[PDB]
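Colleague: Let me give you the structure first, and then I'll get to my questions.
There are 2 protein chains.
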Amino acid sequence: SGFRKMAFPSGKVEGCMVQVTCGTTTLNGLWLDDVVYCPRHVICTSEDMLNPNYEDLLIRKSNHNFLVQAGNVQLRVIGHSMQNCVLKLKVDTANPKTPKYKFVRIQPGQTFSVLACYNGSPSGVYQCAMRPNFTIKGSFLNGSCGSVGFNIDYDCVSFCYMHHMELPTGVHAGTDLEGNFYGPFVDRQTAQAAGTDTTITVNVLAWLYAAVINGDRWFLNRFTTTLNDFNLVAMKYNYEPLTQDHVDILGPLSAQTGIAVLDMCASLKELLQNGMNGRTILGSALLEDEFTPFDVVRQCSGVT
Amino acid sequence: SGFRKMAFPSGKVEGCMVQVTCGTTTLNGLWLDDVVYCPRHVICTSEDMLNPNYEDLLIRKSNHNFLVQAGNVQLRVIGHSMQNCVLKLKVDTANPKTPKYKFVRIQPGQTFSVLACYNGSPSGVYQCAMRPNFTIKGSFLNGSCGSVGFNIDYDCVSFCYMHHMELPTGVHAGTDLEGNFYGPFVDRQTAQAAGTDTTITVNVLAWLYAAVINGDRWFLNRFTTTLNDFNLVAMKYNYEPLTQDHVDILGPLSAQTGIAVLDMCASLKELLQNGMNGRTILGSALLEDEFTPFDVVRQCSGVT
Ligand SMILES: Cc1ccncc1NC(=O)Cc1cc(Cl)cc(-c2ccc(C)c(F)c2F)c1
Ligand SMILES: Cc1ccncc1NC(=O)Cc1cc(Cl)cc(-c2ccc(C)c(F)c2F)c1
């Protein structure tokens, strides 16, 4: 028992981290097979960042200008190309530590682990969710660009995020491994609005099921609700509308605990309307939304 | 910016995890050099657990009864011995993935990462603190015994915890890598009181400094306090008494922010006496105590 914000073991990803330097800029790269992936803003100087013409900036660069180092050894760059907001540096050596991997575009509300890196060296690992507004609330400092987000299913690492920037609001923005930003963001130092965010209702309900499994049950009540009534409350409290698809995803947890999804919705409705009254749930004094139903089942079942 | 409950990258430790089976019981072992370390309760049957005579139970076992498997390959056991509550199984092969390591006994209030494992396979990693009462609030299921806690300084892994049991209260107990329990616990299925726990004051203050560094400053006030006055409030709210040693450990964070430690104590005093009034600090609605001053400096400086 016990419930923690658990990240995937980072070993398979640590073996892929490299340092990429172009001119004066050093950031992280991800070495899979004979390709190193990194944010294209590595080719920018501070002056270029206000409105960079990435095509023109990349034309001034040659393979020998991209310094790629895997720990202590230098990699030889034999090709370079830009795909959306990422640079792909072809190297003459396949990474011997390349795990089985896939590139995936995660959906908002889904979670993943981040291996925060500086100078190609891993510093720490943490779990987070892709917010409904396509930002992440991470922990990144200058030099962390190119750090990646991922999930692991058995021996396969599905890479879903590469870190590009921190907006003035302190939130983080990045791309999939094909260089497409999540959300409306651009890799340019210009004002950028992140959309209105919402709380991930299905994840809060999953976390309430995790609380029941782990013995925190004080919030269970004698009430029930309907999807329509619950959604009126979700609207008022800026929660994502619950759909039948969400109810079905919560099916396994409902079966495990014997608590109907709509009965758990009535508990969540009362918590939204009354607050916690100074009490806690799984060590938290707020409603947690960065655990998916799959995360709860995985952590509560011991999937390796 | 941003502040997360960050764990160390687990790769160096993943390379040390093995499965240990004795009779009917399977748990995790830690393979360093030519020794595999694991909880001695692996030699128990369910009936033995009420009052096991570990010396007598171990006498009925031979080297060939300890089945040690590192992933897919079987290890050959050439010696066995019990040291306190751990078994040390000498194997004929040194682990080629043995990182630079040390065995350390951590102090209460200190933090470490846990690589939760099942059947010798890593499942996830999370950060936690050794509570003042020598328990940990982890996330462990049956089969997680032998999972380890650790810290990493550069290329050296300091192992500090090995998981042994979950008490009826849902808290976790374990040993250092010499098999000595943290706290008053015994590896026996018998009633065991964990002492009165307290909140780790120096860690809460460190986390308030982390909040200021990351822009959450609403709790800063026009007040100051003394160590004596603060400690009267700490007593009332079951917080550890703050000492001059704690003030000195907070020195680097005080210098970085320009906020005197006793001024931060007055902010903490007001938060203890008034609560948060429905507000949050670094995404939390409660006062967080599982970040040490060193953790805050490390995360805020990007140490790899
Ligand atoms: C410092 C740091 C901390 C954590 N994570 C990453 C970083 N580095 C960056 O954000 C670098 C970067 C790159 C790009 Cl392409 C755009 C911007 C940027 C975007 C919008 C605004 C308005 C602005 F001021 C900006 F500087 C900034
Ligand atoms: C199931 C689980 C979940 C998370 N982590 C670990 C485990 N496994 C265990 O705790 C196994 C174990 C071993 C030892 Cl030596 C003593 C006890 C034990 C101690 C005290 C009591 C009263 C009691 F009921 C007990 F079973 C229990």
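So the protein lines, in turn, are chains V and E.
The first sequence lines up with residues 3264 to 3567 when you count with full-length UniProt numbering.
The second sequence lines up with residues 3264 to 3567 when you count with full-length UniProt numbering.
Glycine included, C-beta positions come from ideal geometry on N, C-alpha and C.
(1) Give me the subset of the segment 3266–3278 of chain E whose CB atoms are less than 9 Å from a CB atom of chain V, sorted by chain position.
(2) Taking E:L3404 as the query, report the chain V residues whose CB atoms sit under 7 Å from its CB, ordered along the chain.
(3) Under 7 Å, CB to any heavy atom of ligand 2. Which residues pass, going along the chain?
(4) Looking at chain V, which residues of the segment 3370–3383 of chain E have a Cβ within less than 8 Å of any of its Cβ atoms?
(5) Find out if the Cβ-Cβ distance for the pair E:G3412, E:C3423 is shorter than 8 Å.
(6) Please list the terminal residues of the continuous beta strand (DSSP E) segment that includes E:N3537.
(7) Look at residue 3231 of chain E and E:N3358 and say whether their C-beta atoms are less than 8 Å apart.
(8) Is E:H3427 close to chain V? Criterion is C-beta to C-beta, closer than 8 Å.
(9) Could you tell me how far apart the beta carbons of residue 3213 of chain E and E:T3487 are, in whole angstroms, since I believe they sit closer than 8 Å?
(10) Should E:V3411 be flagged as near chain V, meaning a C-beta pair shorter than 8 Å?
(11) Mapping DSSP to helix, strand and coil, what is V:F3557?
(12) Quick check on this structure: which residue in V:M3428, V:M3393, V:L3513, V:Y3389 has the alpha carbon closest to the alpha carbon of V:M3312?
(13) How would you label V:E3318, buried or exposed, when you count the other beta carbons within 10 angstroms and need 16 or more for buried?
(14) Grouping DSSP H, G and I as helix and E and B as strand, with all else coil, what is E:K3353?
(15) What is the C-beta distance between V:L3350 and V:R3303, in whole angstroms, given that I count them as a contact (C-beta under 8 Å)?
(16) With a CB to CB cut of under 7 Å and the five nearest residues on each side skipped, what residues in its chain are close to E:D3479?
(17) Between the segment 3381–3395 of chain E and the segment 3269–3279 of chain E, are three or more C-beta pairs nearer than 8 Å?
(18) Taking 7 Å as the cut-off, is the CB of E:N3316 close to at least one heavy atom of ligand 4?
(19) Can you give the Cα-Cα distance for E:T3453 and E:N3314, rounded to whole angstroms?
(20) Note down, in chain order, all residues in the segment 3537–3561 of chain V with a beta-carbon under 9 Å from any beta-carbon belonging to chain E.
(21) Would you say E:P3385 reaches chain V, if we count a Cβ-Cβ gap shorter than 8 Å as a contact?
(22) Report buried or exposed for V:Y3364, applying the criterion of at least 16 other Cβ atoms within 10 angstroms of its Cβ.
(23) Can you look up V:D3492 in the DSSP assignment and give me helix, strand or coil?
(24) Identify the continuous alpha helix (DSSP H) that holds E:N3328 and give its terminal residues.
(25) Out of V:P3371, V:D3416, V:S3564, V:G3401, state which residue places its alpha-carbon closest to the alpha-carbon of V:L3430.
(26) Under 8 Å between C-beta atoms, does V:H3435 make it to chain E?
(27) Return the bridge partner residues of E:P3302 from the DSSP annotation.
(28) Please go through the same chain and pick out, in chain order, the residues whose beta-carbon is closer than 6 Å to the beta-carbon of E:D3418, but skip the five residues on each side of it.
(29) DSSP three-state call for V:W3481: helix, strand or coil?
Modeller: Based on what the coordinates show:
(1) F3266, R3267, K3268, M3269, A3270, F3271, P3272, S3273, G3274, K3275, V3276, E3277, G3278
(2) Taking a Cβ-Cβ cut-off of 7 Å, the neighbours of E:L3404 in chain V comprise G3565, given in sequence order.
(3) V:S3264, E:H3304, E:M3312, E:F3403, E:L3404, E:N3405, E:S3407, E:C3408, E:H3426, E:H3427, E:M3428, E:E3429, E:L3430, E:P3431, E:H3435, E:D3450, E:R3451, E:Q3452, E:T3453, E:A3454, E:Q3455
(4) Taking 8 Å as the Cβ-Cβ cut-off against chain V, the residues of the segment 3370–3383 of chain E that qualify are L3378, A3379, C3380, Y3381, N3382.
(5) yes
(6) Element bounds for E:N3537: not the beta strand (DSSP E) but the alpha helix (DSSP H), 3524–3537.
(7) Summary: the structure shown does not reach residue 3231 of chain E, with chain E confined to residues 3264 through 3567, and so no result is reported for it.
(8) no
(9) There is simply no residue 3213 of chain E to check, as chain E begins at 3264 and stops at 3567 in what is shown.
(10) no
(11) In the structure shown, V:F3557 sits in a helix (DSSP, three-state: H, G or I).
(12) V:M3428
(13) exposed
(14) strand
(15) 5 Å
(16) The beta carbon of E:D3479 lies closer than 7 Å to those of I3544, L3545 in the same chain, with the five residues before and after it left out.
(17) With a cut-off of 8 Å, the segment 3269–3279 of chain E and the segment 3381–3395 of chain E count as touching, because enough Cβ pairs lie within range.
(18) With respect to ligand 4, the structure shown offers nothing to examine, as its ligands consist of ligand 1 and ligand 2.
(19) Going by the C-alpha atoms only, they are around 8 Å apart.
(20) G3538, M3539, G3541, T3543, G3546, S3547, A3548, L3549, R3561
(21) yes
(22) buried
(23) helix
(24) Element bounds for E:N3328: n/a, residue is neither H nor E.
(25) V:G3401
(26) yes
(27) E:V3349
(28) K3363
(29) coil
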